[PDB]
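Peer 1: The structure that follows is given in the form of structure tokens.
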Amino acid sequence: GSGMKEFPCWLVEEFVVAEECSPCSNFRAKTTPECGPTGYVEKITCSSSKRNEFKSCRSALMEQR
Numbered sequence: 018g019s020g021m022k023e024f025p026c027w028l029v030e031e032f033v034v035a036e037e038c039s040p041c042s043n044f045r046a047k048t049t050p051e052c053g054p055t056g057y058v059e060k061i062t063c064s065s066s067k068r069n070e071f072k073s074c075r076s077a078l079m080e081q082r
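First residue of the sequence shown? That's 18 in our numbering, and the numbers climb one at a time after it.
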């Protein structure tokens, strides 16, 4: 309707994967869209204002023997 604008910090700031992405519970994924393609969401912090966002990463490459 109005056109609310909501964005992350990694899109406008430098982020650092501090916490690898992991599976999303029944509510974790149902609420987070990042759990759609990979289903695993990591925790990246932005050096700018130290902001931790919920991103999605590949687990098959992060840790797959």
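From the three backbone atoms N, C-alpha and C, an ideal C-beta is built for every residue, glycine too.
With DSSP run on the structure shown, which of helix, strand or coil describes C52?
Peer 2: Correct three-state label for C52: helix.
Peer 1: Hey, could you find the ends of the beta strand (DSSP E) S39 is sitting in?
Peer 2: Where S39 is concerned, the enclosing beta strand (DSSP E) stretches over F32 to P40.
Peer 1: For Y57 versus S42, is the C-beta distance shorter than 7 Å?
Peer 2: Going by C-beta atoms, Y57 is not nearer than 7 Å to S42.
Peer 1: Could you give the distance in angstroms between the alpha-carbon of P40 and the alpha-carbon of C26?
Peer 2: Whole-angstrom Cα-Cα distance: 22 Å.
Peer 1: Of all the options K47, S64 and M21, which has the alpha carbon lying nearest to the alpha carbon of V33?
Peer 2: If we check each option's Cα against that of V33, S64 comes out closest.
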